[PDB]
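Below you'll find only one chain, the form deposited in one PDB entry, shown as structure tokens.
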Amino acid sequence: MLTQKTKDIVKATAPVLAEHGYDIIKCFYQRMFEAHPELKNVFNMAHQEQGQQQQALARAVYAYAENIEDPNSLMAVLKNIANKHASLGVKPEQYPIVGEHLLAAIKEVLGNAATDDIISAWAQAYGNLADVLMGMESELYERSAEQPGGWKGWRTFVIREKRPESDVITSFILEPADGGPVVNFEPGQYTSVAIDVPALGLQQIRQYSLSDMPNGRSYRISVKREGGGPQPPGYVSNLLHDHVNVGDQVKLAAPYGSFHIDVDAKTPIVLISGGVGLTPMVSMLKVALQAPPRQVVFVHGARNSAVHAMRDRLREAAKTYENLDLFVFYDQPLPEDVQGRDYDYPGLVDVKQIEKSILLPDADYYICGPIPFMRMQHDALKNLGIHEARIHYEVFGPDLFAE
């Protein structure tokens, strides 16, 4: 457990790790894969541009520093990471490998700046978070395994159907190779697919949102084909589209993820969408509007009219449910869109503009859309005094730009 002095070090130095985040990450993978090349089968080996990797890390580090004295906020951010790690199959015996190489990378990159006090303080933070995470992941694994139709680790599924939904999105329906039941999931949760990538000579693992509602027998995912032409094609989405056919097998993780409505709560729901389409948002809006009624606000951050399937489904729901309050932002309104009949406000969702409308007692907030959108909205809500534990967000479905 960290003393106040050691928390103080972490706090004063988090911006330092952040500022050097790109170099630290590069050195970390280099050192780790050199000792433990088998971990390339669990980590994502596709290249992501520099800024993106720097930011992700900066963000994790700042999230930790900000909540290092607030147990309830800290646990809220940890459970999100526990869910992802449990989806990936992270094991307790891997924590000492990651901590050794992460510390050594911190020292190497920071060079002189990496004082004895700083390395030791961050080694402590590592040991404390690893303890928390291991216990949380073990709970997840055990709870999944005890559910009817649940399991630990990889379970083999068969593609029962494969249907294009657009020229680039294809829906896959999966049933377990053993023919047994499959455990329920809530809208917003994901599976992971683990598959051998022949071009890499490695397994890769990717998360896919689980569509529709559970039925005890099968799962459905919608997979967007990534890249091609100017864009170098993505490994797993292209592999699913072009080589994974009806009758072929894939390995799935049990459903995980903390982004979902608590069907047992009675408190208000603020859904904030940054461009996600009718599928899969509809399943989640359905859960929000199940009886007994809860106050539901939907904040729809769209382009404009050009696609309006989600705007229309929402307007219809707002006519049946007096407990649904709808707000629309169009960031680039079409010449033909007028403020007041086609949308409410110009630009990206701006929560200060609707404060009184969304700042509801004991609400939970559910943000989805592009990753920078979710982050912007997360931080806006934190600035209004909302606790970390009441803000939820995740990649949700195959098209964060559908509307």
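What we label the rigid core is the largest C-alpha set whose atoms superpose within 1.5 Å from one form to the other. Numbers for residues come from their place in the sequence shown, where the first is 1.
The form deposited in another entry exists for this protein as well; it is not shown, and the discussion that follows is about that form.
Fit the core first: which of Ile97, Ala104, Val307, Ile159 then shifts its CA by 2 Å or more between the shown form and the other one?
Only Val307 moves by 2 Å or more at its C-alpha.
Using a rigid core alignment, state whether the CA of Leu348 is displaced by 2 Å or more between the shown form and the other one.
True for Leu348: a C-alpha shift of 2 Å or more.
Once everything's superposed on the core, is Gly180 shifted 2 Å or more at the Cα between the shown form and the other one?
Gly180: C-alpha displaced by less than 2 Å between the shown form and the other one.
Compare the position of the CA of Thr191 between the shown form and the other one after a rigid core fit and state whether the shift reaches 2 Å.
For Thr191, whose C-alpha is compared between the shown form and the other one after core superposition, the shift is less than 2 Å.
Are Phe172 and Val287 closer or farther apart at the Cα level in the other entry than shown, by 3 Å or more?
Closer: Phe172 and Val287 approach by 3 Å or more in the other entry.
Distance change of 3 Å or more between the C-alpha atoms of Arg220 and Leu285 in the other entry: closer or farther compared with this structure?
So the answer is closer.
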